[PDB]
Structures are given as structure tokens and as C-alpha cells.
Amino acid sequence: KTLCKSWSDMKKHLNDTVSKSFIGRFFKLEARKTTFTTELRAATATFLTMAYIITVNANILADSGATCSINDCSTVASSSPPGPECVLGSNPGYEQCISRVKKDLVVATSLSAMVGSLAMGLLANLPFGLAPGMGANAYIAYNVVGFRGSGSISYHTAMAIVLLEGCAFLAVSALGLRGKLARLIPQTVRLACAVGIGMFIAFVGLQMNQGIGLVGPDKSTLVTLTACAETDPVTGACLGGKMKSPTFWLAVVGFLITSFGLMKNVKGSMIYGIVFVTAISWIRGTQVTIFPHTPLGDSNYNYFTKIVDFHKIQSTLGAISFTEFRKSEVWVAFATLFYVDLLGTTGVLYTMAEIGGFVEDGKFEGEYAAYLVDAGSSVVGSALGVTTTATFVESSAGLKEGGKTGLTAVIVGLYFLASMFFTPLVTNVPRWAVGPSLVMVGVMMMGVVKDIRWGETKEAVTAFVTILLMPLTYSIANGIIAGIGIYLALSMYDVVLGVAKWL
Amino acid sequence: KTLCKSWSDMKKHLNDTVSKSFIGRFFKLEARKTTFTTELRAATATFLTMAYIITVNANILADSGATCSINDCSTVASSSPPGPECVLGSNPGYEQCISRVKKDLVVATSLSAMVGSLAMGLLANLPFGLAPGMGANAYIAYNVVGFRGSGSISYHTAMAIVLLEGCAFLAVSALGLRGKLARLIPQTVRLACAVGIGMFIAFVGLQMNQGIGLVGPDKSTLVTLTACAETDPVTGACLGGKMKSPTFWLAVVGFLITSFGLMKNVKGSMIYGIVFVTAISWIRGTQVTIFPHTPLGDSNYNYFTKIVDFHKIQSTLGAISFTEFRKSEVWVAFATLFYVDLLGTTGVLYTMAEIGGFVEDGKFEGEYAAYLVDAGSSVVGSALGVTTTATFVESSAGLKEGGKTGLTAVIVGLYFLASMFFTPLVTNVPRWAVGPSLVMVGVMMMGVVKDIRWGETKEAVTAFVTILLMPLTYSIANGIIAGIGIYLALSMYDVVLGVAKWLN
């Protein structure tokens, strides 16, 4: 009976003195009952969920070869490209440009979502967590630019397309047809959109590329477990060992730790799994370290010794040129992504309003201006260096413990600013460390399943195929498109009968 | 015009004649308030529901190279054909094996189903038929024996596993310690295993070799949408041009008709999604036919001319050799295939009991006989050439029509008897027709997912990992092992300390 009531004294004086203020009447912490003491609960735990983009976005875009083309890769003994534009990693110039673009893209992704959430939360008291999503990295790099420049489209022009993409969605946001179309998408497809997100995100954290490294290529089955020790430095082809690697059996323990932490309702355990892996991977001398004795890894400690740095942006702000646009091979991709981005990112934003009970008559408060920030932050992000903001479907974590009113996004943006200053502590995380967070998000997104009306068949066939295709095709567009196409065909007779009585 | 009243005139006296005879006393027609007129509807409705797996079985178990090996290929300009050349296709003598094997397992499946279902009819008084159950076929095909000699062990020990599984499954119910061992698993793991199996059996129906051919390989990512018309002339690979495959659209149309026929509650409808595509891909002239102008086409075309034929089994007899049991990777497959069989029959039989009025305060009339005969069906259909047997969920179609006697199953078996007389008409089913029927199984088996307590976080992780890992590893044994290894660790560190404290 010593620290019980003593610690409770400041709780009562804090939430009461902050409610009866000008901020308390701007953000309306008097109606729609939710308190400051609960909004911290709703937003802090939200922040650690979205920690993987500080790494996986830069990891994705660095493989595409953002900058340092042949002029910088080939600088030692060969003027000609060492294959398709310096594919091999044992090339000087490359080894430090990759480290530079990782820093630059980490800065870019920490600075984009700062204003992505702050602006949207300061306009319509909306508690969500907009940030540059995974719906565009799997395409813009791999299909347009390819694996380290293995494509006919340059990266500078790719940023021009992604820039003009947001400008075009700025017009439709000002027209409001995007919102009126959000009530036209079928209920079942909209519900199945969220489960596919969790399944696809869970799948992307299991490869050697940016995950733990379970799956691997196979000659006849295309998929097999190849978490071996003796691995191909370039691909996932095993040289032998068959699941005797420590990279697995050091992220397994972190996954167990975070699962055990969420069992007993610990406040924040998502970062405990990250820390328990990063701390051991930071020790020099072991076989699971991120610091080999190679000069590529040696230069890391020469910078890792610095713990705090501001690191003003050097060589990714801009890189926009209307040079390759004169031909037709650029507008085909532009149109391919054009009527796909809205069809793959409008459903998720509208879904979160129904989960939080925002809609009262099929329309939630501040609907028209909600899409303005989504359409605008993509413009500033594209020129800065990141792809479009896809309005992450992740604030469901924040909606589960009293996140209803605004100012939730601005305080998450405050943490996003905080993560920037510790730039040596984000770019130095292993790619086998952030892996469990993805499958954690995926299992977290299993709660929407027990809401779909599975009793009927017309509402059950579309959902299964939509769930199946997106992870099994490694594409987000192919799921919603297939769900729409399957649902439309089954309702053909009803539409025909409805238009028959139109006569 | 007196036939309208004559309908009832005979519909009554055929009921008295069967009921007043010793046949009515054999099946107890007077008891349970059942007649003979309802038997035709109770049998045909169930037959049309299970009619789908009479050809999917053949197309699934026919891609294993069950009976011939590298020895009996054709001859080429070299001395002898090497290993990895015959098994990849594009050879006369290996395609002759595949034709003579597809012509044989169709008869084998029907013959095994006769023994599975007639015994139900004559020893259990429980109206549901049994054919080699769908769900255990894919495991044996694509994790045990592999695709055309893939994996590490062959077909001979694949059939040998079934004998030893049956010898033990008979002696887990003979002493009655079956349900005493079934509760070793928590409820979540089996619920996740069913949906994961439904997921895996659907993912296999979307590839180039087996399904339509949607997905494909990639150098950077693992899977991507190919749907290419000009495939690789020898292997399965894309060349150029996507989403314009003439074979792809026909399967989509067939799936659409199947899903449409499910609506309005048509009793047997998914066979329409097979016959409609087969009829289109039976006539020649176009490029989506199964009868090309290649010598394989003419040899196969002078087999569709005859409609009926008594195709005898001559190659796929019992090939039981225990020469490979002295190593490890066969016991894991035996254990997994024993495991998935326990939760299937037990989890379905009670669900069938609570419909129709058979259910009582536990241990209803058809308790003992059914488990023993179902276990014996696996060992009696083992040496024939097919996998284990399981009760079908879609058997409720005849049950929901008042079927309550054992005369239903024996009549159901008689319809399967006529299937082997129609052997040459069903071997010619294309490998782009099974696709929609293979995908459809997942929709039917995933409807139970709304039972896991997703609110609790301790079991949601295990259910999700079990769901995820099986289709993304191309195996069934891997996911259940991973789920057990995760579920065990979340409890022992918290329960062992309490048990030790209570013990001290």
C-alpha cells in the first residue's frame, strides 16, 4: 500500500487538466469519450507495429538500384558493365553506394510518414497511420526497373511516374467520386481485402531476400524449405545443410518472446523481439553477426561508433526527368498502376471507418478532406524518394484499446521524428530481425475472418479466391480484380432481370 | 391417362412387398419409419455428390510413375536413356506407361470403392458411401512419391506404408482406445489443419503441370502470374504473352458454371463443371483439345471409339517391398498419414450422427462397426493401387432426404459398379478440367474457419502458422509439425513451474 495510490496521484491530475483546455475542445476530448491516458495506450502500441517500413522499404528500393549507375559502379578496372549493370556485389563504388542509399531511403521513409500522419490528423481528427505502403514497391522496382537495373525503364523516370501519379489522384480527391465509389465496392470483397493484406505481408517475411529465409526456389514445385547454412551469395540455391542455419534459430526465439509477451498483456512487446535479436547480432565474433571482417562491414563500425547523427539528405531528393516519357512503353506502365492504385488502396481506408464505428449513416465525419492528405503526401514523398502512400491497414491495433478521436496520428508522427535522430540504430538491423514482425502483423489480421457471412455461397466463393490469389501471385492488384470479376459474373442474372424490368 | 394414379398404385405395393419380405426384416424397414420409394432419391442424391472423385483421383494419382521406371523407356541415338530425361516427359515409352496407368487406376478406384461402400451397406446400417478419400491423396502424391519420380522414395514403399498403417489403425479401435488417444490434440490444431489442407489442395490446382497454369516461376520472386499461351515445348515454362491462354478461359467458364449451379440448391452440380469442359475438349479441330495429330493422339483416339470395355488390372498390383524401411524419412510419412486419418473419420462421423435422429446420449447404434470397416477399407484398397479411404462430408445429401437404412449404401455401391464399365470414356478427361474441381474443394473445406477463438492470442499464432506454412512449403507434414512445435513451447514454460510447485 505504498506505491499503489502514490503512483495514481499524477494520473488523475493529468487527464483532467488536459481535457478542459483549448486542445481539449479542438480535438474534442469531452464527447466521444476517450481520454489522454488511453490515447497514449492506443498510439504507442500502434507505432511499434509499423516499425518494419523503416527497414523493408529501403531494403526493397536499394535492390532496384536507385542511383550510382555504371558511372559509379564501374570505377576500378572495367568500363563495360559487369553483366547487367554491376550485378555482382564485389564491386567497389557499389559497396558504399548501397550503404548510402540505405541511409538516404531510411531518412526519406522517416520524414515522409512524419507529415503523412500529422497533416491528416490535424485536419479532421482522424486516428489512422498513413505511410508509404507495400502495394507499390513489389511492382515499381521489380517489374519496371528490375533487379539492379534489369529493365528498360530508368529509375529517374520511375520517380517521375510515381510523382505524376499522386498529382492525378489529387484531382479525383477534389472531385469526391473516389469516396462515393467506396460505397459501391462489394461488402465481401472489402472484408477480404484486409485478410489478403495480412497473408501477403506474412509471406514476404519468409524469404532470403528480406525475411527469415524459409521458402526457396525449386525445379518442379517452385517452393521448398531451404533454410540451410551453406547458401548461394546471390540467390536462395542451397549448397547443402537442410535447416542447420542459425539465422532461423535466432529469429525463432525472438518470435517466441514476442508471442509470450502478448500473452500476458505487456504494454509493448513488439520491440522486445526486435531488441533481443539486434543486441545479439550486434556482438562481434559470432557467426550470426551483421559485422563481418570484410571492408564492407568494417566501414559500418566506423560509422556505428557514432550513435546520433542528423544526416542531411544528399542524393535522392528529386531525380525527376521527363526524358523517357516521349515513347509508349512508359504510359503502359503508368496506366497499369493508375486504375490499380485507387482500386487497391481506397477499400482499406474506408474499411477502418466501419471498424471504429465512425459511420453513422453510411458516411463518416470528415470524409471529403480525409482523402486530400492521402493524395497530397504521395506527391511530396515521390519527389523526396519514396513511392506512394498507400494508407496502411494497421491502425486496427490502435482502434482496439480506445483510439477514437484525433491527435493519435500526430503523436505517432512525433515518434516518427524521434526515430530519425537515431539513424545509426535503424540502418544497422539485420534482415532476419524485422522478419517476425511481418508474420506478427499477419496473424494479428486474422480477426476480420469471423465477420464474413460464410453461410451462403455467393459471398463465400469470392472471399476464398481473393484470399488465395494475392499471396500466391505476389501481387496486390490481382486479388481485388479477381474478386470483382468473380462476383460480377455470379450476379449476372440479377442485373439482367433488374434491367429487364427497366423497360 | 391412368398412369397418374398408377404411380401411387405401384408405389404402394412395391413398398409392402419389400417391407413384408425377409429383406425388409434384414434392414428393418418397418423400424425407423422408412420405405423403399425414398431410397432412389436417397441414393442418387448422394451419388451425384460423390460422383466428382471418380476422375480427379485418376488425374492426381496418375502423375507418379507408379509401375514403370527408368528401365523401359524408348531407345535414342545414345546407348541408354539417362535418369532425368525419361521422367521429364517427351518420350514414347514413358507416355505409354502413363496411358496404361491412367487406364488402370480408374478401374482400381471404383473397385476399392465397391469394397468400401458395400461393407458400409451390409455391416453398419449407416447410409453413406466410401471411396478413397480426398485430402490424403495430395500428401502421398506430392510429398511422399513426388511428381514423376521426384522426392526420395518410390511408389512401392508408398503402398507399403498403407499396410502397416492399417494393421495399427485396426488395433486402436479393437481395444477401444481410439477416442482416448484422439484427445491428445487441442481443438485448434485440427481446425487449422483442415483449412490448411483445403488451402494446399487448392494451390496445387493452379500450376502448369496439374492445374490451369496461372502461377509460374521467377528469378527474383518465387511465384508470379504467367498464364502464357506459348508454353515451353518440353518442360513447363513461359515464353511470352500473358492472360490469353485459350485453355485458361475454358476452366474459368467451367468454374463459373459450377459456382452458379451451387446456387438454387441443385443436389449434384459440380460434375457439370467437369462434363461441360470435357465435352468441349473432346471434339477435334481447335487447339484446346486433348486429341492432337501427334501419334499419341491417334493411339488415344482409337480408344474413345469404343464406349465400354472391361479393362483388367495388369500392372498396378500390390508392389509391397520393405527394402526401404530401414531409414528415417518413411516413418515420418507413416506417422503423418496415420495422424490425418484419425481426425478425419472421428471428426466427421459424429457430425453426421447429429443429423437425421441417429444421435443419442453418446455411442449410438452404428458406433463400433463403422470404424473397423473404414479402417479395413484402407488395407483392402491398398494393394489395389489407391490411397486410404475416408467418409465424405457431402454424404449428408441423401441423409437430409430421410435416408436412415443400410440399403442406401449397397445401392450406392451398385452405381459405382457401373463406373468400371465406362472406363474408356473417363480416361480422356483433360488436365485443365480437374482445375476448377480441385480449387472448389478449398471453398467447401474452409467454411469451418469461423470457430477458432481468435480473441485469445496464444492459439491464434499457432492456427495462423499452421494455416500459412503448409501451402507455402508444398507439404502437409511440415505444417502440423511446425504448429505442434510452436503450441507446445507457449505453455510448458508456464505450466511446468506450476506443476512443480504443486508437487512440492
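Looking at the entry header, you'll see cryo-EM listed as the method and 3.9 Å as the resolution.

Novice: I'm lost on the overall build of chain A in this one. Help?
Specialist: A tally of helices and strands in chain A yields 21 helices and two strands. On C-alpha atoms alone, chain A measures out to a radius of gyration of 24 Å, which is about the 23 Å that the 2.2 N^0.38 rule sets for 503 residues. With respect to the three principal axes, the spread of C-alpha positions in chain A is 80 × 70 × 45 Å. Within chain A, contacts between residues at least 6 apart in sequence are counted, and of these 74% link residues at least 24 apart.

Novice: Help me understand the environment of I313(A), please; the structure alone is not making it clear to me.
Specialist: With respect to the helices, strands and loops of the structure, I313(A) is situated in the loop between α13 (295-304) and α14 (331-355). Classification of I313(A) as partly exposed rests on a relative accessible area of 32%.

Novice: What's the story with a nonpolar patch on the surface in this structure? I'm lost.
Specialist: Residue and element names in this part refer to chain B. A cluster of nonpolar side chains, namely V253, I257, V266, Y272, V275, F276 and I280, defines an oily patch on the protein surface of about 580 Å² accessible area. Every element with two or more residues in the nonpolar patch is listed here: α11 (246-262) and α12 (272-280). Tallying contributions element by element places α12 first for the nonpolar patch, with four residues. Examined against the element boundaries, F276 turns out to sit in helix α12. Classification of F276 as partly exposed rests on a relative accessible area of 40%.

Novice: Sorry if this is basic, but what is going on with the pattern of salt bridges here?
Specialist: A side chain of one charge can pair with a side chain of the opposite charge when the charged atoms of the two come close. Throughout the structure, instances matching the rule amount to 11 salt bridges over all chains. In this structure, the salt-bridge partner of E365(B) is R32(B), at a minimum N-O distance of 3.4 Å. Pair noted here: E365(B) is in the loop between α14 (329-353) and α15 (368-380) and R32(B) is in the loop between α2 (22-26) and α3 (37-50), with a separation of 333 residues, a long-range link. For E365(B), a relative accessible area of 68% translates into the label exposed. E329(B) serves as the salt-bridge partner of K327(B), at 4.0 Å between the closest nitrogen and oxygen. A single network of salt bridges, built from pairs that share partners, joins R453(A), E456(A) and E459(A).

Novice: It is not clear to me how the state of the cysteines should be interpreted in this structure. Could you clarify?
Specialist: Residue and element names in this part refer to chain A. Enumeration over the complete set of coordinates arrives at six disulfides over all chains. For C68, the disulfide goes to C97, at an S-S distance of 2.0 Å. Taking the sign of the S-S torsion, -65 degrees for the link of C68 and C97, the bridge is left-handed. Placement of the pair is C68 in the loop between α4 (53-63) and α5 (70-73) and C97 in helix α6 (residues 94-124), with a sequence separation of 29 residues. Classification of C68 as buried rests on a relative accessible area of 15%.

Novice: How should the domain arrangement of chain B be read in this particular structure?
Specialist: Often, the extent of an interface is quoted as the loss of accessible area on bringing the components together. Residues and elements named next belong to chain B. Taken as a whole, chain B is organised into domain 1 (1-33), domain 2 (35-198 + 292-434) and domain 3 (452-504). Domain 2 and domain 3 are separated by 31 Å when their C-alpha centres are compared. Of the roughly 1400 Å² buried at the junction of domain 2 and domain 3 (both faces included), carbon and sulfur atoms supply 81%. By the criterion of area lost to domain 3, the three top residues of domain 2 are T188, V189 and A192, representing 32% of everything that side buries. Where domain 2 touches domain 3, the interface holds zero salt bridges.

Novice: Where do I start with unusual backbone geometry in this structure?
Specialist: Both trends apply: most residues other than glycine have a negative phi, and most peptide bonds are in trans. Positioned with a positive phi, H311(A) is a non-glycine residue whose angle comes to about 60 degrees. Looking at where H311(A) falls in the secondary structure, it is placed in the loop between α13 and α14. Non-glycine residue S90(B) carries a positive phi angle of around 55 degrees. Structurally, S90(B) is set in the loop between α5 (83-86) and α6 (92-123). By relative accessible area, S90(B) is classed as exposed at 53%.

Novice: Can you walk me through the interface of chain A and chain B in this structure?
Specialist: Chain A puts 47 residues into the contact, and the matching count from chain B is 43 residues. Linking chain A to chain B there are one salt bridge. At the boundary of chain A with chain B, the tally comes to zero residue pairs in polar contact. Put simply, the parts of the chain that give the side of chain A that touches chain B at least two residues each are α10 (187-204), α11 (248-263), α18 (435-444), α19 (458-473) and α20 (477-490) of chain A. For the side of chain A that touches chain B, the element with the most residues is α19(A), which contributes eight residues. The residue inventory of the side of chain A that touches chain B, partitioned by class, reads 32 nonpolar, 12 polar and three charged.

Novice: Help me understand the packing of helix α8 (residues 155-173) of chain B against α15(B), please; the structure alone is not making it clear to me.
Specialist: The packing of two helices is summarised by the inter-axis angle and the distance between the axes. All names here are of chain B. The interhelical angle for the contact between α8 and α15, taken along N-to-C directions, is 170 degrees, at an axis separation of 8 Å. One way to sum up the angle between α8 and α15 is to call them roughly antiparallel. Counted together, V162, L163, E165, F169, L170 and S173 of α8 and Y368, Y371, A375, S378 and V379 of α15 form the full contact between these two elements. A breakdown of the residues in the contact of α8 with α15 according to their chemical character gives eight nonpolar, two polar and one charged.

Novice: Mind showing me how you'd approach the packing of α19(A) against helix α18 (residues 434-445) of chain B here?
Specialist: At a minimum axis separation of 10 Å, α19(A) and α18(B) run at an interaxial angle of 110 degrees. Relative to α18(B), α19(A) is oriented roughly perpendicular. At the point where α19(A) passes α18(B), the crossing takes the right-handed sense. Taken together, the residues of α18(B) that come into contact with α19(A) (itself represented by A460(A), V461(A) and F464(A)) are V439(B), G442(B) and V443(B).

Novice: I'm lost on the nonpolar core in this one. Help?
Specialist: The tendency in soluble globular proteins is for nonpolar side chains to be buried as a group. If you look at the biggest cluster of nonpolar residues, it comprises 174 residues, and the most contacted ones within it are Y52(A), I201(A), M134(B), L438(B) and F464(B). When sequence neighbours within four positions are dropped, the list of residues in contact with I201(A) reads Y52(A), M134(A), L438(A) and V441(A). Grouped together as the second largest cluster of nonpolar side chains are 13 residues, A119(B), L349(B), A353(B) and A409(B) included.

Novice: Explanation requested: the environment of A119(B) in the structure shown.
Specialist: Residues and elements named next belong to chain B. Tracing the sequence through the fold places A119 in helix α6. Given the relative accessible area of 16%, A119 is considered buried. Sequence separation between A119 and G273 is 154 residues, and the spatial gap between their C-alpha atoms is 31 Å. When residues no more than four places from it in sequence are discounted, the contact partners of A119 are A124 and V373.

Novice: Mind showing me how you'd approach α6(A) here?
Specialist: Note: α-helices contain 3.6 residues per turn, so residues at a spacing of three or four share the same orientation. With 31 residues, α6(A) should cover 45 Å at 1.5 Å per step; its first-to-last C-alpha distance of 45 Å lies within 8% of that length. Positive phi appears at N125(A), one or two residues downstream of α6(A), with a value of about 45 degrees.

Novice: Looking at this structure, how should I read the packing of aromatic side chains?
Specialist: By convention here, two paired aromatic rings are described through the distance between centres and the angle between planes. Under the criterion given, the structure shown has 22 aromatic pairs over all chains. Taken together, a centroid distance of 5.4 Å and an interplanar angle of 75 degrees make the contact between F200(A) and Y474(A) edge-to-face. Of this pair, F200(A) sits in helix α10 while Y474(A) is found in the loop between α19 and α20, placing the two residues 274 residues apart along the sequence. For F200(A), a relative accessible area of 3% gives the class buried. Relative to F304(B), the ring of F291(B) has its centre 6.1 Å away and its plane inclined at 55 degrees; by these criteria the two rings are tilted. Residue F291(B) is located in the loop between α12 and α13 (295-304), and its partner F304(B) is located in helix α13; the two are separated by 13 residues in the primary sequence. Judged by relative accessible area, which is 23%, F304(B) ranks as partly exposed. The ring of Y303(A) has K103(A) lying over it, and the distance from NZ or CZ to the ring centre is 3.3 Å.

What counts, and where the lines are drawn
Residues numbered from 1 in each chain as written, not as in the entry; some residues may be left out. Chains lettered and ligands numbered in written order. Heavy atoms only, no water. Residues with missing side-chain atoms left out of burial classes, pairs and counts. Helix = DSSP H or I, 4+ residues; strand = E, 2+ residues; numbered from the N terminus. Rg over C-alpha atoms; globule rule 2.2 N^0.38 Å. Contact = heavy atoms within 4.5 Å. Buried < 20%, exposed > 50% of the residue type's maximum accessible area, 1.4 Å probe, protein only. Patch = residues over 30% accessible without salt bridge, like charges linked within 9 Å, V, L, I, M, F, W, Y side chains within 5 Å. Areas by Shrake-Rupley, 256 points an atom, 1.4 Å probe, with all protein chains shown as cover. Salt bridge = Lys/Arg side-chain N within 4 Å of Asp/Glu carboxyl O. Disulfide = S-S within 2.5 Å. Domains from an automatic or database assignment. Buried area = accessible area lost by both parts, 1.4 Å probe. Polar contact = N/O pair within 3.5 Å; in protein donor to acceptor, adjacent residues only side chain to side chain. Nonpolar A, V, L, I, M, F, W, Y, C, P; charged D, E, K, R; others polar. Axes fitted to C-alpha atoms, helices over the stretch in contact; angles between N-to-C directions. Parallel < 35°, antiparallel > 145°, perpendicular 65-115°, else oblique. Left-handed = near helix turned anticlockwise from the far one by under 90°. Core = buried A, V, L, I, M, F, W, Y, C linked by side-chain atoms within 4.5 Å. Expected span 1.5 Å × (residues − 1). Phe/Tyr/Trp six-rings, centres within 6.5 Å; stacked < 30°, edge-to-face > 60°. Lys NZ or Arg CZ within 6 Å of the ring centre and 35° of its normal.

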